[PDB]
Structures are given as structure tokens and as C-alpha cells.
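A.B. asks: What follows is work.txt, made up of compact mmCIF, C-alpha atoms and all ligand atoms:
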# COMPACT_ATOMS: atom_id res chain seq x y z
CA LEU A 1 -128.79 73.90 -66.79
CA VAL A 2 -128.36 72.95 -70.46
CA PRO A 3 -127.94 69.17 -70.83
CA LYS A 4 -124.51 67.83 -71.73
CA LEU A 5 -123.83 64.85 -74.00
CA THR A 6 -120.82 62.57 -73.43
CA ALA A 7 -119.85 59.61 -75.62
CA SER A 8 -117.37 56.74 -75.47
CA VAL A 9 -116.04 57.95 -78.86
CA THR A 10 -115.21 61.31 -80.43
CA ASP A 11 -116.30 62.82 -83.73
CA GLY A 12 -113.93 61.88 -86.54
CA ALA A 13 -112.30 59.11 -84.51
CA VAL A 14 -110.53 56.27 -86.32
CA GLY A 15 -109.47 52.89 -85.03
CA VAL A 16 -112.38 52.64 -82.61
CA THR A 17 -112.07 49.14 -81.18
CA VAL A 18 -115.13 46.88 -81.15
CA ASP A 19 -114.22 44.99 -77.95
CA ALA A 20 -116.64 47.23 -76.02
CA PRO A 21 -120.03 48.78 -76.79
CA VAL A 22 -120.36 52.38 -77.93
CA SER A 23 -122.18 54.43 -75.29
CA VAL A 24 -123.63 57.91 -74.79
CA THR A 25 -124.28 59.46 -71.38
CA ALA A 26 -126.25 62.55 -70.38
CA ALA A 27 -125.55 65.03 -67.59
CA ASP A 28 -127.85 67.76 -66.27
CA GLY A 29 -130.75 66.12 -68.05
CA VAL A 30 -131.90 62.93 -69.74
CA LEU A 31 -131.54 61.40 -73.19
CA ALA A 32 -134.67 61.76 -75.31
CA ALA A 33 -133.41 59.60 -78.19
CA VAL A 34 -130.22 58.07 -79.57
CA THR A 35 -129.81 56.54 -83.03
CA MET A 36 -126.81 54.90 -84.67
CA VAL A 37 -126.49 53.79 -88.30
CA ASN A 38 -123.67 52.21 -90.27
CA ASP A 39 -122.19 53.39 -93.57
CA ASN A 40 -124.87 51.49 -95.51
CA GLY A 41 -127.61 53.27 -93.54
CA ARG A 42 -128.75 50.34 -91.44
CA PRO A 43 -129.59 50.98 -87.76
CA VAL A 44 -127.50 49.53 -84.95
CA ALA A 45 -129.39 47.86 -82.12
CA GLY A 46 -129.07 49.85 -78.90
CA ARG A 47 -130.83 50.32 -75.57
CA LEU A 48 -131.57 53.32 -73.38
CA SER A 49 -131.16 52.73 -69.67
CA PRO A 50 -134.33 52.89 -67.54
CA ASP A 51 -133.22 56.12 -65.85
CA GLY A 52 -132.66 57.70 -69.27
CA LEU A 53 -129.06 58.72 -68.55
CA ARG A 54 -127.15 56.10 -70.56
CA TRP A 55 -127.48 54.62 -74.05
CA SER A 56 -125.40 51.69 -75.26
CA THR A 57 -125.16 49.44 -78.29
CA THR A 58 -126.50 45.92 -77.76
CA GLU A 59 -125.14 44.12 -80.85
CA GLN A 60 -121.61 43.30 -81.94
CA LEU A 61 -120.00 46.15 -83.85
CA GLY A 62 -118.09 45.42 -87.02
CA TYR A 63 -114.56 45.91 -88.29
CA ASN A 64 -113.78 48.56 -90.91
CA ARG A 65 -117.11 50.36 -90.65
CA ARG A 66 -118.24 53.98 -90.42
CA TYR A 67 -120.98 54.70 -87.89
CA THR A 68 -122.98 57.89 -87.33
CA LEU A 69 -124.24 58.55 -83.80
CA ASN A 70 -127.13 60.97 -83.24
CA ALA A 71 -128.11 61.94 -79.70
CA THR A 72 -130.63 64.41 -78.28
CA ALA A 73 -131.04 65.34 -74.61
CA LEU A 74 -133.49 67.39 -72.56
CA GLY A 75 -133.02 69.50 -69.44
CA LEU A 76 -134.64 72.31 -67.52
CA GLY A 77 -132.56 74.72 -69.59
CA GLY A 78 -133.37 73.59 -73.11
CA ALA A 79 -132.32 70.69 -75.30
CA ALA A 80 -128.93 69.50 -76.55
CA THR A 81 -128.15 67.49 -79.69
CA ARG A 82 -124.95 66.04 -81.14
CA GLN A 83 -123.84 64.03 -84.16
CA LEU A 84 -120.69 61.90 -84.16
CA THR A 85 -119.09 59.87 -86.95
CA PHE A 86 -116.29 57.40 -86.27
CA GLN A 87 -114.45 54.52 -87.94
CA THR A 88 -113.75 51.12 -86.39
CA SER A 89 -110.46 49.23 -86.53
CA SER A 90 -109.50 47.81 -89.94
CA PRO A 91 -107.50 44.63 -89.23
CA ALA A 92 -104.72 43.50 -91.51
CA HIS A 93 -105.49 39.95 -90.36
CA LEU A 94 -107.89 38.02 -88.15
CA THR A 95 -106.94 35.24 -85.73
CA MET A 96 -109.28 32.68 -84.16
CA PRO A 97 -108.60 31.29 -80.66
CA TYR A 98 -109.16 27.63 -79.80
CA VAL A 99 -109.57 26.67 -76.15
CA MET A 100 -108.85 23.39 -74.34
CA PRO A 101 -110.19 21.52 -72.49
CA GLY A 102 -113.63 21.28 -74.04
CA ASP A 103 -116.71 22.95 -72.63
CA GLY A 104 -118.30 20.84 -69.90
CA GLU A 105 -115.37 18.42 -69.72
CA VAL A 106 -114.13 16.82 -66.50
CA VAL A 107 -110.33 16.71 -66.44
CA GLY A 108 -107.51 15.67 -64.14
CA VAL A 109 -105.60 17.74 -61.62
CA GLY A 110 -102.87 18.52 -64.15
CA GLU A 111 -104.93 20.01 -66.97
CA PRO A 112 -103.69 23.46 -68.06
CA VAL A 113 -105.97 26.00 -69.66
CA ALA A 114 -104.82 26.29 -73.27
CA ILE A 115 -105.63 29.08 -75.71
CA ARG A 116 -104.24 28.18 -79.13
CA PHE A 117 -104.33 31.07 -81.59
CA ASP A 118 -104.13 30.21 -85.29
CA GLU A 119 -101.67 33.05 -86.02
CA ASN A 120 -98.49 34.42 -84.48
CA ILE A 121 -99.33 36.78 -81.61
CA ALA A 122 -97.15 39.88 -81.79
CA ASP A 123 -98.63 41.49 -78.65
CA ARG A 124 -98.74 38.64 -76.14
CA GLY A 125 -99.63 41.11 -73.40
CA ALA A 126 -102.83 42.13 -75.18
CA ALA A 127 -103.80 38.47 -75.53
CA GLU A 128 -103.25 37.67 -71.85
CA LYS A 129 -105.28 40.73 -70.85
CA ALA A 130 -108.22 39.57 -73.00
CA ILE A 131 -108.36 36.15 -71.29
CA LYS A 132 -110.21 35.99 -67.96
CA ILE A 133 -109.76 32.85 -65.88
CA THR A 134 -112.13 32.35 -62.94
CA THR A 135 -111.67 29.53 -60.42
CA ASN A 136 -113.85 28.26 -57.58
CA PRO A 137 -112.27 27.79 -55.07
CA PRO A 138 -110.10 30.66 -56.31
CA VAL A 139 -106.47 29.60 -56.72
CA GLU A 140 -103.53 31.59 -58.04
CA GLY A 141 -102.41 31.06 -61.63
CA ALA A 142 -100.33 32.63 -64.37
CA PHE A 143 -99.80 32.69 -68.13
CA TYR A 144 -96.90 31.11 -70.00
CA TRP A 145 -96.43 30.85 -73.77
CA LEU A 146 -95.33 27.50 -75.21
CA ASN A 147 -94.73 29.02 -78.67
CA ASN A 148 -95.78 32.04 -80.72
CA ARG A 149 -99.40 30.84 -80.96
CA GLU A 150 -100.40 28.89 -77.82
CA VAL A 151 -100.51 30.22 -74.26
CA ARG A 152 -101.21 28.21 -71.11
CA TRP A 153 -102.58 29.03 -67.65
CA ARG A 154 -102.14 26.88 -64.54
CA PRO A 155 -101.74 27.18 -60.76
CA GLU A 156 -98.53 26.65 -58.80
CA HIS A 157 -99.61 23.14 -57.76
CA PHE A 158 -101.94 20.52 -59.20
CA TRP A 159 -105.61 21.53 -59.22
CA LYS A 160 -107.73 20.69 -56.18
CA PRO A 161 -110.40 18.07 -57.01
CA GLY A 162 -113.81 19.64 -57.46
CA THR A 163 -112.52 23.03 -58.62
CA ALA A 164 -114.63 24.82 -61.23
CA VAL A 165 -112.76 26.74 -63.94
CA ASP A 166 -114.26 29.34 -66.27
CA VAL A 167 -112.44 30.81 -69.28
CA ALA A 168 -113.53 33.90 -71.23
CA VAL A 169 -111.36 34.64 -74.28
CA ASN A 170 -112.64 38.10 -75.19
CA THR A 171 -110.42 38.76 -78.18
CA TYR A 172 -113.00 40.16 -80.61
CA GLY A 173 -111.99 43.75 -81.30
CA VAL A 174 -108.66 43.37 -79.47
CA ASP A 175 -105.54 44.62 -81.26
CA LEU A 176 -103.12 41.70 -80.91
CA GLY A 177 -100.30 43.57 -82.67
CA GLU A 178 -99.14 44.16 -86.25
CA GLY A 179 -102.72 44.59 -87.43
CA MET A 180 -103.84 41.23 -86.01
CA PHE A 181 -107.30 41.30 -84.42
CA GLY A 182 -109.41 38.58 -82.83
CA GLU A 183 -112.00 36.96 -85.07
CA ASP A 184 -114.40 35.94 -82.30
CA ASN A 185 -114.82 35.45 -78.58
CA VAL A 186 -114.71 32.03 -76.91
CA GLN A 187 -116.24 30.94 -73.59
CA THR A 188 -115.55 27.53 -72.05
CA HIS A 189 -115.97 25.86 -68.67
CA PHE A 190 -114.55 22.70 -67.13
CA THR A 191 -114.34 20.88 -63.81
CA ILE A 192 -111.49 19.08 -62.05
CA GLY A 193 -112.17 15.47 -61.09
CA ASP A 194 -110.36 12.86 -59.03
CA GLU A 195 -106.63 13.09 -58.34
CA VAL A 196 -105.11 10.45 -60.62
CA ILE A 197 -101.31 10.16 -60.49
CA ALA A 198 -99.56 7.23 -62.17
CA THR A 199 -95.88 6.74 -61.34
CA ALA A 200 -93.63 4.89 -63.78
CA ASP A 201 -90.61 3.83 -61.72
CA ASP A 202 -87.60 2.57 -63.68
CA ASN A 203 -86.10 1.02 -60.52
CA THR A 204 -88.96 -1.51 -60.39
CA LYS A 205 -90.21 -1.18 -64.00
CA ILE A 206 -93.78 -0.89 -62.67
CA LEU A 207 -96.45 1.70 -63.54
CA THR A 208 -98.61 2.25 -60.45
CA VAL A 209 -101.91 4.14 -60.68
CA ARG A 210 -103.05 6.00 -57.56
CA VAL A 211 -106.53 7.54 -57.32
CA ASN A 212 -106.77 10.04 -54.46
CA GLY A 213 -103.77 8.36 -52.85
CA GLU A 214 -105.14 4.82 -53.22
CA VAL A 215 -103.32 2.23 -55.33
CA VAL A 216 -105.84 0.79 -57.79
CA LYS A 217 -103.63 -0.83 -60.46
CA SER A 218 -100.06 -2.07 -60.89
CA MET A 219 -98.80 -2.50 -64.45
CA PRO A 220 -95.47 -4.02 -65.51
CA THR A 221 -93.95 -1.73 -68.12
CA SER A 222 -91.11 -1.69 -70.64
CA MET A 223 -89.99 1.89 -71.25
CA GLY A 224 -87.46 3.30 -73.71
CA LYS A 225 -84.19 1.43 -74.06
CA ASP A 226 -80.91 3.05 -73.06
CA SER A 227 -80.30 4.51 -76.53
CA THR A 228 -83.84 5.95 -76.78
CA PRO A 229 -84.87 6.30 -73.13
CA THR A 230 -88.03 7.69 -71.62
CA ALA A 231 -87.41 11.10 -70.10
CA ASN A 232 -88.13 11.72 -66.43
CA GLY A 233 -90.59 14.32 -65.19
CA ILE A 234 -94.28 15.20 -65.07
CA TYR A 235 -96.45 14.20 -68.04
CA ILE A 236 -100.00 15.46 -68.67
CA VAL A 237 -102.47 12.98 -70.15
CA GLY A 238 -103.60 14.21 -73.55
CA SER A 239 -105.81 12.35 -76.02
CA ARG A 240 -107.06 8.76 -75.81
CA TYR A 241 -107.19 6.43 -78.82
CA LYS A 242 -108.89 3.07 -79.26
CA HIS A 243 -106.08 2.48 -81.78
CA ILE A 244 -103.46 4.58 -83.54
CA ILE A 245 -100.50 4.24 -85.88
CA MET A 246 -97.41 5.56 -84.11
CA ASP A 247 -95.31 7.17 -86.86
CA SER A 248 -91.81 8.33 -85.93
CA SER A 249 -91.79 10.71 -88.90
CA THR A 250 -94.48 12.77 -87.13
CA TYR A 251 -91.60 13.80 -84.83
CA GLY A 252 -88.96 14.21 -87.54
CA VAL A 253 -87.40 10.72 -87.37
CA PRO A 254 -87.66 8.90 -90.73
CA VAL A 255 -89.43 5.57 -90.40
CA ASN A 256 -86.54 3.75 -92.10
CA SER A 257 -83.81 5.44 -90.05
CA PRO A 258 -82.20 3.52 -87.19
CA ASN A 259 -84.59 4.95 -84.57
CA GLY A 260 -87.63 5.10 -86.87
CA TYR A 261 -90.81 3.07 -86.52
CA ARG A 262 -94.40 2.68 -87.69
CA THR A 263 -96.58 0.61 -85.37
CA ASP A 264 -100.34 0.15 -85.27
CA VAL A 265 -101.26 -0.22 -81.58
CA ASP A 266 -104.37 -0.43 -79.41
CA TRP A 267 -105.46 1.52 -76.34
CA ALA A 268 -103.00 4.39 -76.76
CA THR A 269 -102.98 7.31 -74.30
CA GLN A 270 -100.76 10.20 -75.40
CA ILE A 271 -98.75 11.81 -72.59
CA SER A 272 -96.29 13.94 -74.58
CA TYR A 273 -96.21 15.79 -77.88
CA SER A 274 -92.78 14.21 -78.43
CA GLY A 275 -94.52 10.88 -79.06
CA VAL A 276 -94.69 9.13 -75.67
CA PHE A 277 -97.74 6.90 -75.25
CA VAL A 278 -99.17 4.39 -72.83
CA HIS A 279 -100.30 1.67 -75.24
CA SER A 280 -100.81 -2.05 -75.70
CA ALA A 281 -97.57 -3.92 -76.45
CA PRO A 282 -98.24 -7.66 -76.73
CA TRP A 283 -94.77 -8.19 -78.22
CA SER A 284 -92.96 -7.08 -75.03
CA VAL A 285 -95.05 -8.75 -72.31
CA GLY A 286 -92.08 -10.86 -71.25
CA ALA A 287 -89.85 -7.79 -71.11
CA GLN A 288 -92.44 -5.68 -69.27
CA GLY A 289 -91.38 -5.33 -65.66
CA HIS A 290 -87.76 -6.26 -66.38
CA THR A 291 -86.11 -4.59 -69.38
CA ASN A 292 -86.66 -1.42 -71.40
CA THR A 293 -87.15 -2.14 -75.10
CA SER A 294 -89.12 0.74 -76.64
CA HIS A 295 -88.34 4.02 -78.39
CA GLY A 296 -89.60 5.96 -75.37
CA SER A 297 -93.22 4.92 -75.01
CA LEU A 298 -94.53 3.01 -72.00
CA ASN A 299 -95.20 -0.52 -73.21
CA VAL A 300 -97.80 -2.33 -71.09
CA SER A 301 -100.02 -5.37 -71.51
CA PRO A 302 -103.13 -5.18 -73.72
CA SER A 303 -105.50 -5.46 -70.75
CA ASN A 304 -103.55 -2.86 -68.75
CA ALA A 305 -103.38 -0.47 -71.72
CA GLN A 306 -107.14 -0.87 -72.13
CA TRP A 307 -107.63 -0.27 -68.40
CA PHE A 308 -105.53 2.89 -68.70
CA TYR A 309 -107.69 4.01 -71.63
CA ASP A 310 -110.93 3.36 -69.73
CA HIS A 311 -109.96 4.74 -66.31
CA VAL A 312 -107.51 7.60 -67.00
CA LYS A 313 -108.86 10.91 -68.30
CA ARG A 314 -107.50 14.04 -69.94
CA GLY A 315 -105.41 16.06 -67.53
CA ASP A 316 -104.39 13.20 -65.24
CA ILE A 317 -100.69 12.88 -64.41
CA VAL A 318 -98.00 10.35 -65.30
CA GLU A 319 -94.70 10.82 -63.45
CA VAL A 320 -91.56 9.06 -64.73
CA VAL A 321 -88.61 8.64 -62.36
CA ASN A 322 -85.21 6.94 -62.23
CA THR A 323 -84.79 6.51 -65.98
CA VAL A 324 -81.48 7.04 -67.78
CA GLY A 325 -83.02 9.86 -69.82
CA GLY A 326 -83.14 13.54 -69.07
CA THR A 327 -86.21 15.57 -68.12
CA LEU A 328 -89.20 16.17 -70.37
CA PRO A 329 -89.02 19.69 -71.88
CA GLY A 330 -91.33 22.18 -70.23
CA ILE A 331 -92.65 23.39 -73.60
CA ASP A 332 -93.39 19.93 -75.02
CA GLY A 333 -97.13 20.60 -74.96
CA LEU A 334 -97.85 18.21 -72.10
CA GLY A 335 -94.80 18.98 -69.93
CA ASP A 336 -96.03 22.24 -68.43
CA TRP A 337 -95.38 21.12 -64.86
CA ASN A 338 -91.64 20.63 -65.42
CA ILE A 339 -91.27 24.43 -65.62
CA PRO A 340 -90.49 25.86 -62.15
CA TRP A 341 -93.34 27.95 -60.79
CA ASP A 342 -91.14 31.03 -60.43
CA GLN A 343 -90.28 30.82 -64.14
CA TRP A 344 -93.91 30.18 -65.11
CA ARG A 345 -95.24 33.02 -62.95
CA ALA A 346 -92.68 35.41 -64.44
CA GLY A 347 -94.16 34.58 -67.84
CA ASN A 348 -92.73 35.39 -71.24
CA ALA A 349 -95.08 37.99 -72.73
CA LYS A 350 -92.04 40.13 -73.64
CA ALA B 1 -98.74 33.64 -96.57
CA UNK B 2 -97.65 33.00 -92.83
CA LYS B 3 -103.02 30.58 -90.49
CA UNK B 4 -102.85 27.08 -88.76
CL CL A 401 -124.68 46.72 -93.77
If you took the structure in this file and wrote it as C-alpha cells, what would it be?
Ligand SMILES: [Cl-]
C.D. replies:
Amino acid sequence: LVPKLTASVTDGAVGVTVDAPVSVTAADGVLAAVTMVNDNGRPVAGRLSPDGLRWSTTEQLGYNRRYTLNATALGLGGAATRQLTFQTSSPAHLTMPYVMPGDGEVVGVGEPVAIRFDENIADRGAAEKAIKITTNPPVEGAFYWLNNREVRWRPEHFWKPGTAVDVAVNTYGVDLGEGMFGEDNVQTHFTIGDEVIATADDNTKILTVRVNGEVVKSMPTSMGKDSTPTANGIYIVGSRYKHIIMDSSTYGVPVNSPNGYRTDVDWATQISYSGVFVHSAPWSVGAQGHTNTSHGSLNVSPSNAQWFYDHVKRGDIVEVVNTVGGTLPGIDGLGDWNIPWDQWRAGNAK
Amino acid sequence: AXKX
């Protein structure tokens, strides 16, 4: 038999994607040698399999390049040689993905996996396909887009403590639509810690922190007044700040408008992108536990706000009930759990 | 322009 040469590309091909290696395989024989150079004549690092039947590139291939593949094979019935030249995808634009939570972080039972692209994603399906989530113990999850750039992944219910999550965003070489290609791959890993659920009950005006079902702290709170009430629902703990200036204009409300404000506060834990914080409020200690006086944030005592900062972590849960407000939007950025699972699972890749 |  004369040996036969097969490749993962064809001669004269254009738009060869670089999300996978280029490979050459031999049948009815073995590969004697395979070489690959780019348009500037430099070799491409590759490796021949021990059995001599498969050759594959071992380094990242580049965008908008011309490669020349040269392969020679040997069999009982003579030798076979081929040359192939192909062109890789030429993006119109590159987009870089940013993953949360951080690599090695320990986060609460509510933490969603977040892939924030820095461009609009025309082909949401292609993005979802390039993201591999792995969980141990394995638990079901699904993708849902909060806007044109950020997509989230979470299970039907809060994470189980101790679960290990692994995220591979393999977008390099992936055509994300309208000439948009991934700039790089990202790989992160995080672990779920203790179940921390804090319930802010407007009927008692108390914020109770439960760790694995055990009450560990009770905090009088003053939430948003009737005109600017705190919305009910599930809040995900975001960032923690030793101190921060709360600026209403960050959310589109001028500081000097009737509902505006600019307040430097201590021990601030963000629980919504709309501007809700758990923070120190020494001015409302008397009101805490009795009357709502804020623009929506959970006012608590300095010591309690500091305790919250020191003992609550990213991804923990704050649940607000019995307020005169509505329900936190599901696409706030930290309100993922207010979206019904059936709607989340269905997704919105379009 | 449309990055950020
Ligand atoms: Cl080069």
C-alpha cells in the first residue's frame, strides 16, 4: 500500500481558525517528517506522536498568517509527500475576556461565574460554547447574559459548600461574530465556602446573619425610606471596602437633586450594582431597628458594619423581605438569583 | 469607535 496523508486543513484554505492545533495523520504507513513554516519563513513548533502516525503543532498559531505544511510518509509501497498552504482567520477586532471570581478565591454559595467580554458579542452561542465549566460535585448550571458583554453561569440553587469550580474560557481563535475574535484564553478556579445568608427583615428592621443555619449576629438596620425604599429579593455580596464615597451620580442621580447624595462611609459591602451597600451609619443609630431613613442602603452601626466587612465574603447572600419596594432586577449585576430558573436555563443567546 |  502507498501511504496516505491526511491533514486538519486543506491546500489553499482561508479562515483557518487557531482555536485548535493543525495536525497531519498518516494511513497505511508512518510519517517520516513534517515541517511547518510561517510566511516569514520561521518554523512552527510541532511534535510527532511516538507511534509515528500523527503530527501536531505545539505552539499557539497566529491570526492573519500564511503557513506552509510539508509532510512525507513511508509505507511498504513507496513514499508519499504533500505540501499545503493555508491562511488563518484575520479578525476585524479582538476581545479580551475577564473572569470572576478570582483564581484561588473562596466565595459564598451565591457566587455566579462571570465572563465579562470587553466588546459586544454578536455570536453569544459561540461564546457559550467556548466556556467550559466543571464542578465537583457536578451540579447542573446554565448560561444567561446580563448585557451584550457579560455572561453568567450558575446552578438552579445556591452552591453546595465545598464545591470546586473550574472555568476554561477558550476563546482564542473563536469567531465571536462580525469579525470579532478572542484575544486570549483564560483559566480560573474557585471554591465554595460556608453557607452565609443574611436576612434583612423590614417587619423587625433587623439584619440577621446565619452561617450554615446558625445565627451568629443580629444587627439593627435602617433601610431605604418609603420614597426611596430598599427592594426585596436576593442580593449577592460583591466587593468589600474599608471606606468608600457613595456617589448617587454613579447611578444617574445628580448629587444635588432631591434624591442625590455624596457620603464618605466606612466598612461598606456592596450588594447591588444599583448602589445598595451594607455600611457604617453612625448618624442613624437611633433610627436603626425602628425607622427607614436611607436612599436604599442598609444602614447599620459602625461595629456591625465592620463585622460584616470582616466576616462576610464575596458571593454570600443578603435577602431583603417585607419592604415597601419592588424586587431587585435580575440583571442588576448582583441580582442573578431573582431570575426564575426556567428563564435562566432557557438562556438568551438568541 | 464602539472596547471597555
Ligand atoms: Cl514571524
A.B. asks: Can you pull out every residue with an atom within 7 Å of ligand CL 401 (chain A)? Use all atoms listed in the file and format it as a ChimeraX atom specification.
C.D. replies: /A:38,40,42
A.B. asks: Have a look at atom CA of residue 145 of chain A and atom CA of residue 191 of chain A and let me know their distance in Å, one decimal.
C.D. replies: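 Between atom CA of residue 145 of chain A and atom CA of residue 191 of chain A the gap works out to 22.8 Å.
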A.B. asks: By how many Å are atom CA of residue 82 of chain A and atom CA of residue 47 of chain A apart?
C.D. replies: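 Interatomic distance, atom CA of residue 82 of chain A to atom CA of residue 47 of chain A: 17.7 Å.
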A.B. asks: Counting only C-alpha atoms, write as an MDAnalysis selection string all protein and nucleic acid residues lying at most 9 Å from (-100.7, 30.1, -84.5) in the file's frame.
C.D. replies: (chainID A and resid 95:97 116:121 147:150) or (chainID B and resid 3:4)
A.B. asks: Using Å and a single decimal, report how far atom CA of residue 222 of chain A sits from atom CA of residue 291 of chain A.
C.D. replies: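 The value is 5.9 Å.
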A.B. asks: Write out as JSON, numbers by chain each polymer residue whose atoms come within 6 Å of segment 339-346 of chain A, counting all atoms listed in the file; drop sequence neighbours fewer than 5 positions from it.
C.D. replies: {"A": [142, 144, 156, 330]}
A.B. asks: Just the residues within 9 Å of residue 318 of chain A, please, counting only C-alpha atoms, with nothing from its chain fewer than 5 positions along; format it as a VMD selection string.
C.D. replies: chain A and resid 196 to 200 207 209 233 to 237 271
A.B. asks: Please list as a short mmCIF file (atom, residue, chain, number, x, y, z; two decimals) with C-alpha atoms, in the frame of the given file every residue within 12 Å of segment 17-20 of chain A, counting all atoms listed in the file and excluding residues in the same chain fewer than 5 positions away.
C.D. replies:
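Final output, saved to result16.cif:
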data_model
loop_
_atom_site.label_atom_id
_atom_site.label_comp_id
_atom_site.auth_asym_id
_atom_site.auth_seq_id
_atom_site.Cartn_x
_atom_site.Cartn_y
_atom_site.Cartn_z
CA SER A 8 -117.37 56.74 -75.47
CA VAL A 9 -116.04 57.95 -78.86
CA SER A 56 -125.40 51.69 -75.26
CA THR A 57 -125.16 49.44 -78.29
CA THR A 58 -126.50 45.92 -77.76
CA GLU A 59 -125.14 44.12 -80.85
CA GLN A 60 -121.61 43.30 -81.94
CA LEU A 61 -120.00 46.15 -83.85
CA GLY A 62 -118.09 45.42 -87.02
CA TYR A 63 -114.56 45.91 -88.29
CA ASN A 64 -113.78 48.56 -90.91
CA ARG A 65 -117.11 50.36 -90.65
CA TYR A 67 -120.98 54.70 -87.89
CA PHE A 86 -116.29 57.40 -86.27
CA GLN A 87 -114.45 54.52 -87.94
CA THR A 88 -113.75 51.12 -86.39
CA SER A 89 -110.46 49.23 -86.53
CA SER A 90 -109.50 47.81 -89.94
CA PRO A 91 -107.50 44.63 -89.23
CA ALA A 130 -108.22 39.57 -73.00
CA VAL A 169 -111.36 34.64 -74.28
CA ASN A 170 -112.64 38.10 -75.19
CA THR A 171 -110.42 38.76 -78.18
CA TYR A 172 -113.00 40.16 -80.61
CA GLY A 173 -111.99 43.75 -81.30
CA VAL A 174 -108.66 43.37 -79.47
CA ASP A 175 -105.54 44.62 -81.26
CA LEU A 176 -103.12 41.70 -80.91
CA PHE A 181 -107.30 41.30 -84.42
CA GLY A 182 -109.41 38.58 -82.83
CA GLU A 183 -112.00 36.96 -85.07
CA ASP A 184 -114.40 35.94 -82.30
CA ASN A 185 -114.82 35.45 -78.58
#
A.B. asks: Would you please work out which residue, of A:4, A:158, A:180, A:41, is nearest to chain B when using only C-alpha atoms?
C.D. replies: A:180
A.B. asks: Please determine, counting only C-alpha atoms, which residue among A:93, A:179, A:277, A:114 has the shortest atom-to-atom distance to residue 1 of chain B.
C.D. replies: A:93
A.B. asks: Using all atoms listed in the file, can you tell me which of A:281, A:71, A:5, A:168 comes closest to residue 36 of chain A?
C.D. replies: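 For residue 36 of chain A, the nearest of the given residues is A:71.
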A.B. asks: Env of residue 320 of chain A: 12 Å cut, atoms = only C-alpha atoms, seq-sep filter 3 positions within chain, self excluded. Answer as JSON, numbers by chain.
C.D. replies: {"A": [197, 198, 199, 200, 201, 202, 203, 204, 205, 206, 207, 208, 221, 223, 224, 229, 230, 231, 232, 233, 234, 235, 236, 271, 272, 276, 296, 297, 298, 317, 323, 324, 325, 326, 327, 328, 335, 338]}
